[PDB]
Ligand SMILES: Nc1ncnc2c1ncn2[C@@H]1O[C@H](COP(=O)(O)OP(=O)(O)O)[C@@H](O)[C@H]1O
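This document opens with one chain alone, in structure tokens, the form solved without the ligand.
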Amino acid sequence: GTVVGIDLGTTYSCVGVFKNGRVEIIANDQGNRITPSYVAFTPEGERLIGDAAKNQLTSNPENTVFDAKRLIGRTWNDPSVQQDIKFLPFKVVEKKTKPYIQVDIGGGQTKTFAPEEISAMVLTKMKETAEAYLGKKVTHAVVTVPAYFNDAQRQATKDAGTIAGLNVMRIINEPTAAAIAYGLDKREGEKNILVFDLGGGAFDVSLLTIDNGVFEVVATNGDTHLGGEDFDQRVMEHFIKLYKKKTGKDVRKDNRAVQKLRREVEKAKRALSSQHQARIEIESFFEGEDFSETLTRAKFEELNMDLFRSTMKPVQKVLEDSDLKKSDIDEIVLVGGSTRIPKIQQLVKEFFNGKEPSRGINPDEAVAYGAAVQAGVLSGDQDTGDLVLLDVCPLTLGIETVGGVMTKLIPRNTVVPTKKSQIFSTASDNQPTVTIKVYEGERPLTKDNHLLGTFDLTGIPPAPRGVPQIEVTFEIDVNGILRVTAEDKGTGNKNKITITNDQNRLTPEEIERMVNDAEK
């Protein structure tokens, strides 16, 4: 059938389709070309998704869920998760060492949701938007992720798709999708393109070559917990302390108060893109009293300057890894909602010595546009030809060797799909199991990198130490996801080598439990 492209964003999501030669961003049932990544459950038992969920946040905050993308594929003890909890109105609890979301679903029934199930509900809304527009069932999709998403975060996003009833044919990196929207129908030789993607939750920078429909990522770097949400948090913080200094009251108590301030901070940020002052006004803020303050552009910039300035470091890194200088960059493409902030535009322009970014790119829609194009390439119904994409892995994959040392296996910025083999043996006589720990990151010791998984090679036949010869193959697929397999290569009595792991990701059984649910 028809394959759609869905930009699943931290705060807003967007769906498009590429067919009959052209790209069409699809408007939702309220006429909006983007949909808030919000889900809500009313006291009466009704589930809301999108605009309807966001517009009742301030009256039903405990049972309104959002920012699931900053929770997805992480652990409960993650310092990033514990930071966000302070500003979210819904209960986040530990389960299987992951953060799960607890709400009342209506008729006083408590339920606990994985972050994947929340994102699945958002995907279900985007799928129904496309189904209405096209007048047929949509079972196939391309879905986006930040370029710097790790292995667990990627897989978790695919699982969300599966829970939504979608066959996710491809996971495309957000900056690559944005580059497609820019470069589609450029016919002017090889160009070096830098994409600067600062959204509602994640930050990516990617350097690409684009040449008459052939797209190739050279280098990428970013931060998966840096975006609009962090800028909003710094401003919310400033006003919670300000209110406490004026009245002696801690609004951290009342969830309505905190989320009323969120709603107003969002509007004030938007206004500060085209004016230098904005009024924060809340009727019935805390215990009936109202809130009335002004935020200047200078104060907003003051509160976030460290975060804004930190976006320049990943830019320096991709130039160093690509072996290119500033003057080699032919075009700068800004995408993501936070690139509308004037200070972000100034920093980028000053870093590239006065160079203007490209016009004709809507930063909220450009990623969905390219996602739609990649979707069409994978269907005979929609494929025009003249579209070749080569992407890379964002993180160095290595194995833990003796002393907690990171031994590199596949370096960062290697084109995918790719694979690498290594032979392992045993350390003692008749050892039945060999354990391998895979890590993601650039630091020399595994303690300072991120653990992808602990893999056990079981069923190793009895032999003296050092005799067995097990070839383990590590394959990163086109989606950027790792698969590990093992073969016995010995000169003797062999066996099937079975691999188990310690990874916390969802099994098809659990997905089937969730897919055979959510009709409630």
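Numbers for residues come from their place in the sequence shown, where the first is 1. Only the largest set of C-alpha atoms that superpose within 1.5 Å between the two forms is called the rigid core.
The next section is about a form of this same protein that is not shown, the form deposited with the ligand bound.
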In this chain shown alone, the residue from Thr176, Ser119, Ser338, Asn221 with a heavy atom within 4.5 Å of the ligand in the bound PDB entry is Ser338
In this chain shown alone, the residue from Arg412, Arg74, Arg170, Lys269 with a heavy atom within 4.5 Å of the ligand in the bound PDB entry is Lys269
Only one of 269-277, 396-404, 92-100, 320-328 sits within 4.5 Å of the ligand in the bound PDB entry by heavy atom distance, namely 269-277
Counting only non-hydrogen atoms and a 4.5 angstroms cut-off, does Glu216 reach the ligand in the bound PDB entry? no
Whether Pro357 contacts the ligand in the bound PDB entry should be assessed with a 4.5 Å heavy atom distance threshold; does it? no
Is the gap between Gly9 and the ligand in the bound PDB entry 4.5 Å or less for some heavy atom pair? yes
Partner contact for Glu229 in the bound PDB entry: the ligand, 4.5 angstroms, heavy atom: yes
Using a 4.5 Å heavy atom cutoff, which residues in 158-195 contact the ligand in the bound PDB entry? It's fine if the answer is none. none
The one residue in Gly354, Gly380, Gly189, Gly360 whose CA moves 2 Å or more between the shown form and the other one on rigid core superposition is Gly380
Relative to the superposed rigid core, does the CA atom of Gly135 travel 2 Å or more between the shown form and the other one? no
Return yes or no for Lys245: a CA shift of at least 2 Å between the shown form and the other one, with the rigid core superposed? yes
Relative to what we see here, could you say if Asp381 and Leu389 have their Cα atoms closer or farther apart in the bound PDB entry, with a change of 3 Å or more? closer
Do the C-alpha atoms of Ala27 and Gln382 sit closer or farther apart in the bound PDB entry than they do here, given a shift of 3 Å or more? farther
